[PDB]
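Just one chain follows, in the form solved without its partner chain, and it is written as C-alpha coordinates.
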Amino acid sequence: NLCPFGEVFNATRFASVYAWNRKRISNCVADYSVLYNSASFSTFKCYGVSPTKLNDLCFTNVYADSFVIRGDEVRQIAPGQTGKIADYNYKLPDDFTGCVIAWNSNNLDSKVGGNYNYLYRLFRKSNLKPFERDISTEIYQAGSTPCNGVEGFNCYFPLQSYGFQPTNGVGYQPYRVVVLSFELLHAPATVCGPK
(Lines give C-alpha, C1' and ligand atoms only; values in the text may rest on other atoms or scores of the structure.)
Protein backbone atom coordinates (compact mmCIF):
# COMPACT_ATOMS: atom_id res chain seq x y z
CA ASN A 1 0.00 0.00 0.00
CA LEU A 2 1.76 3.14 -1.27
CA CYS A 3 0.80 6.31 0.60
CA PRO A 4 -1.38 8.50 -1.70
CA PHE A 5 0.67 11.64 -1.08
CA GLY A 6 0.33 12.73 -4.72
CA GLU A 7 -3.29 13.66 -3.94
CA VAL A 8 -2.15 15.75 -0.99
CA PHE A 9 0.90 17.68 -2.18
CA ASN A 10 -0.29 18.00 -5.79
CA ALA A 11 -4.01 18.61 -5.19
CA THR A 12 -5.67 20.89 -7.73
CA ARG A 13 -7.00 23.19 -4.98
CA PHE A 14 -5.88 24.07 -1.44
CA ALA A 15 -8.15 25.14 1.40
CA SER A 16 -8.12 28.35 3.39
CA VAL A 17 -6.52 27.76 6.79
CA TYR A 18 -9.76 28.52 8.66
CA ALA A 19 -11.45 25.75 6.63
CA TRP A 20 -8.38 23.50 6.59
CA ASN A 21 -8.63 20.19 4.77
CA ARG A 22 -8.01 16.76 6.29
CA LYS A 23 -7.33 13.57 4.34
CA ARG A 24 -7.25 10.41 6.46
CA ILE A 25 -4.83 7.75 5.19
CA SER A 26 -4.60 4.15 6.37
CA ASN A 27 -1.25 2.52 7.16
CA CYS A 28 0.92 2.73 4.06
CA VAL A 29 4.50 2.73 2.78
CA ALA A 30 6.24 5.80 1.38
CA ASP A 31 9.75 6.94 0.48
CA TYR A 32 9.97 9.83 2.92
CA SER A 33 13.53 10.65 1.86
CA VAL A 34 12.40 11.81 -1.58
CA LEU A 35 10.19 14.31 0.28
CA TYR A 36 12.61 15.36 3.03
CA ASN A 37 15.49 15.72 0.54
CA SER A 38 13.43 17.72 -1.99
CA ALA A 39 14.61 21.28 -2.55
CA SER A 40 11.00 22.23 -3.35
CA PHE A 41 10.15 22.53 0.38
CA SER A 42 11.12 25.62 2.36
CA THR A 43 10.03 24.03 5.67
CA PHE A 44 10.32 20.37 6.68
CA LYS A 45 10.09 20.06 10.45
CA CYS A 46 9.27 16.92 12.42
CA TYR A 47 8.12 16.34 15.99
CA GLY A 48 8.23 13.16 18.06
CA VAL A 49 10.24 11.57 15.22
CA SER A 50 13.25 12.38 13.09
CA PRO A 51 12.80 12.71 9.29
CA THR A 52 15.23 9.82 8.74
CA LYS A 53 13.08 7.55 10.96
CA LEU A 54 9.68 8.23 9.35
CA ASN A 55 10.04 4.95 7.44
CA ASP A 56 10.24 3.14 10.80
CA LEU A 57 7.16 4.69 12.41
CA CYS A 58 4.50 2.18 13.42
CA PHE A 59 1.11 3.74 12.77
CA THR A 60 -2.52 2.86 12.08
CA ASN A 61 -3.52 6.07 10.30
CA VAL A 62 -1.79 9.22 9.11
CA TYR A 63 -3.81 12.42 8.83
CA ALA A 64 -2.71 14.77 6.03
CA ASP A 65 -3.95 18.30 6.75
CA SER A 66 -3.35 21.05 4.21
CA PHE A 67 -4.06 24.73 3.73
CA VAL A 68 -2.61 28.09 2.68
CA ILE A 69 -1.13 30.69 5.07
CA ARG A 70 1.32 33.52 4.58
CA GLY A 71 5.05 32.95 4.90
CA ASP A 72 5.61 34.63 8.24
CA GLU A 73 2.93 32.36 9.80
CA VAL A 74 4.57 29.01 8.96
CA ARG A 75 6.35 29.24 12.34
CA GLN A 76 2.94 29.02 14.04
CA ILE A 77 2.32 25.51 12.65
CA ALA A 78 4.07 23.76 15.53
CA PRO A 79 3.13 22.41 18.97
CA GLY A 80 2.90 25.06 21.68
CA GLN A 81 2.73 28.09 19.37
CA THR A 82 0.51 31.15 19.82
CA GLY A 83 -0.86 33.69 17.37
CA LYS A 84 -3.95 34.15 15.28
CA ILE A 85 -3.29 31.02 13.21
CA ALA A 86 -2.38 28.65 16.05
CA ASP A 87 -5.08 30.04 18.34
CA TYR A 88 -8.00 30.63 15.97
CA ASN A 89 -7.40 28.62 12.77
CA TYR A 90 -5.32 25.43 13.11
CA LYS A 91 -3.92 24.08 16.40
CA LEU A 92 -1.56 21.10 16.82
CA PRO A 93 -1.69 18.95 19.96
CA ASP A 94 1.18 18.99 22.45
CA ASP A 95 1.93 15.31 21.74
CA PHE A 96 1.97 15.76 17.95
CA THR A 97 4.03 13.10 16.14
CA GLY A 98 4.69 13.86 12.50
CA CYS A 99 5.93 16.64 10.26
CA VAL A 100 5.06 20.09 8.95
CA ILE A 101 5.97 20.75 5.32
CA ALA A 102 5.60 24.08 3.53
CA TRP A 103 6.56 25.66 0.23
CA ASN A 104 6.19 29.08 -1.35
CA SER A 105 3.14 29.14 -3.64
CA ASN A 106 3.31 32.75 -4.90
CA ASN A 107 3.25 31.56 -8.52
CA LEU A 108 -0.12 29.81 -7.98
CA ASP A 109 -1.93 31.65 -5.17
CA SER A 110 -1.18 35.35 -5.67
CA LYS A 111 -3.22 37.62 -7.92
CA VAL A 112 -2.64 41.17 -9.10
CA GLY A 113 -4.60 43.56 -6.89
CA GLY A 114 -5.14 40.87 -4.25
CA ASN A 115 -6.47 37.36 -3.82
CA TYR A 116 -9.80 37.45 -2.03
CA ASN A 117 -10.05 33.64 -2.08
CA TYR A 118 -7.82 32.72 0.88
CA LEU A 119 -9.01 33.74 4.35
CA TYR A 120 -8.06 33.31 7.99
CA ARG A 121 -9.99 33.82 11.20
CA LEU A 122 -9.04 37.03 13.07
CA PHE A 123 -11.04 36.67 16.30
CA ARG A 124 -12.66 33.96 18.36
CA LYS A 125 -14.29 33.81 21.79
CA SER A 126 -11.83 31.10 22.83
CA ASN A 127 -8.80 29.29 21.46
CA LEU A 128 -9.38 26.28 19.23
CA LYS A 129 -8.77 22.87 20.70
CA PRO A 130 -6.16 20.76 18.86
CA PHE A 131 -7.40 19.72 15.42
CA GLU A 132 -10.65 21.66 15.94
CA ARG A 133 -12.14 23.49 12.95
CA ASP A 134 -14.38 26.58 12.93
CA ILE A 135 -16.09 27.70 9.72
CA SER A 136 -18.73 29.95 11.29
CA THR A 137 -19.05 33.58 10.15
CA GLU A 138 -20.86 35.25 13.06
CA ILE A 139 -20.03 38.93 13.63
CA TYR A 140 -17.49 39.11 16.44
CA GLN A 141 -18.37 41.35 19.41
CA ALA A 142 -15.15 43.10 20.48
CA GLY A 143 -16.81 45.71 22.69
CA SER A 144 -19.61 46.33 25.17
CA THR A 145 -22.53 46.27 22.68
CA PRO A 146 -24.18 43.27 20.97
CA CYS A 147 -23.63 43.35 17.24
CA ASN A 148 -26.96 41.63 16.43
CA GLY A 149 -25.85 40.89 12.88
CA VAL A 150 -24.58 44.40 12.00
CA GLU A 151 -20.95 45.14 11.20
CA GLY A 152 -19.24 48.26 12.51
CA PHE A 153 -17.37 49.66 15.53
CA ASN A 154 -16.08 46.75 17.65
CA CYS A 155 -18.35 44.43 15.59
CA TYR A 156 -16.13 42.67 13.07
CA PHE A 157 -16.57 40.14 10.34
CA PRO A 158 -14.46 37.32 11.83
CA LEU A 159 -12.50 36.34 8.69
CA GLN A 160 -9.80 38.38 6.97
CA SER A 161 -8.57 38.03 3.40
CA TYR A 162 -4.86 37.53 2.84
CA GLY A 163 -5.00 39.56 -0.39
CA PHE A 164 -1.89 37.80 -1.73
CA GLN A 165 -0.24 40.21 -4.23
CA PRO A 166 2.56 38.91 -6.50
CA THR A 167 4.89 41.76 -5.44
CA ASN A 168 4.47 41.15 -1.69
CA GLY A 169 7.54 40.48 0.36
CA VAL A 170 8.19 36.79 1.00
CA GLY A 171 6.74 36.93 4.53
CA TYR A 172 3.39 38.04 3.07
CA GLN A 173 3.38 35.63 0.12
CA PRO A 174 1.22 32.48 0.19
CA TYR A 175 2.68 29.19 1.37
CA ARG A 176 1.00 25.82 0.95
CA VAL A 177 1.33 23.65 4.04
CA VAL A 178 0.94 19.90 4.55
CA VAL A 179 0.84 18.53 8.12
CA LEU A 180 1.29 14.76 8.50
CA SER A 181 0.21 13.36 11.88
CA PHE A 182 0.85 9.68 12.64
CA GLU A 183 -1.36 7.78 15.08
CA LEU A 184 -1.07 4.24 16.47
CA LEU A 185 -4.33 2.93 18.00
CA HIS A 186 -5.50 6.51 18.68
CA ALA A 187 -2.23 7.39 20.46
CA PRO A 188 0.87 9.03 18.90
CA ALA A 189 2.89 6.78 16.61
CA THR A 190 6.27 5.53 17.80
CA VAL A 191 9.17 3.62 16.29
CA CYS A 192 8.20 0.12 17.44
CA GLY A 193 9.71 -3.36 17.39
CA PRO A 194 13.39 -4.35 17.32
CA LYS A 195 15.64 -1.29 17.04
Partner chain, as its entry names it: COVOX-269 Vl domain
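Residue numbers count along the first chain shown, from 1. Between two forms, the rigid core is the largest collection of C-alphas that superpose within 1.5 Å.
What follows is about the form deposited with its partner chain bound, which we do not show.
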Across 137-163, the residues having a non-hydrogen atom within 4.5 Å of its partner chain in the deposited bound form turn out to be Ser161, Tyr162, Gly163
The mover among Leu57, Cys46, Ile69, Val62 between this form and the one not shown, judged by a CA shift of 2 Å or more on the rigid core, is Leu57
Rigid core superposition, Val29 Cα moves 2 angstroms or more between this form and the one not shown: yes
